[PDB]
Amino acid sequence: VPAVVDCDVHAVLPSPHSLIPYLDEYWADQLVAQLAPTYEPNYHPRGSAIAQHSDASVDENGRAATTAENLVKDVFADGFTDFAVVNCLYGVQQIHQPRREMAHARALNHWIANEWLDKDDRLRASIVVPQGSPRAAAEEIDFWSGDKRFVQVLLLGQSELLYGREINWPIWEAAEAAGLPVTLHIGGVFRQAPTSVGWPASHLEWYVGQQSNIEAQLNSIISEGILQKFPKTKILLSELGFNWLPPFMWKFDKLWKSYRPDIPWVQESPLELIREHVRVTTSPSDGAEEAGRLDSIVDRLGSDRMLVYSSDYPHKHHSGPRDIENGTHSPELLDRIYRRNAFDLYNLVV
């Protein structure tokens, strides 16, 4: 029986000092002589209403999800969830120095392995990779391919170059070779403006707008032929919504019928391609939790296979992890969302 997998939860790094046990003498020494600057990112600003639930378990500084103990107590308290896919968003991808980027990413996965995955066999995790260097990113996947507690590859929603450019094919190759899905999570490297029209001036405007970048990443991945070069690839959109997908699929489909000879390795419709290769987490639900609207978006998607359950612990969204049940009248759709669709990604059982 396929397990109830919570496909998106977060471990939050307490400080860059937490990496010192997992860094070589050179990097550890340097990190301390640098007065250890923190790459804590601004995707979920720590004092904003999205960072953590009022009633989340917290530490001595009032921050949620900085220990597996605290996270486990909360996510599994009510017996509903069988496994949780941990994503640590600590911003090693915004480390410009390419070799520090490699070192701190590898150190972060060690911290996840030794202080999260070793503390509870209900925890799985994504591999943080240094995406400033796709070959070193490919090698970080390879480095963790043998620890199947690592079940996917973490990539940011905004990258330096689009993910379908040849430059990035080592990332896709290494994931298919490892049998690992690739997830895009909300966030970015911020090496250009986060929109094609400049810098969003509020976090709110930035958070909402990043759907647009996923459209870009999906078209890039499909148009450049990732799905024909690496045809076992599976993509998870983590914490990026999904209600925007159907209007995007329809226009991609329309224009592919015009421009197929420009991309002739694409003989299936991007509608079908997306339905088969792309999945999405349910937190935030962006209003599909509203009456009938989960049935509607499924219909607009043309598939009940794409949505997979997540709570996005510990982030506070407008609707809760299981408020998605109010968007549908179908217990079978809830079965796919709660367990069956994610079996496509992780093959985990009870």
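Residue indices: 1-based, along the sequence shown.
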If you average the CA temperature factors as listed in the entry, which stretch comes out higher, 174-182 or 187-195? 174-182
Using only C-alpha atoms and the B-factors in the entry, which stretch averages higher, 25-33 or 46-54? 25-33
Highest-ranked of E160, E215, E239, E115 once sorted by CA temperature factor in the record: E115
Would the CA B-factor of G79 place it in the lowest, middle or highest third of its chain? highest
Rank-wise, by C-alpha B-factor, drop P98 into the lowest, middle or highest third of its chain. highest
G62's Cα B-factor: lowest, middle or highest third of the chain? highest
With respect to C-alpha B-factor, does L334 fall in the lowest, middle or highest third of the chain as deposited? middle
CA B-factor ranking of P134, expressed as a third of its chain: middle
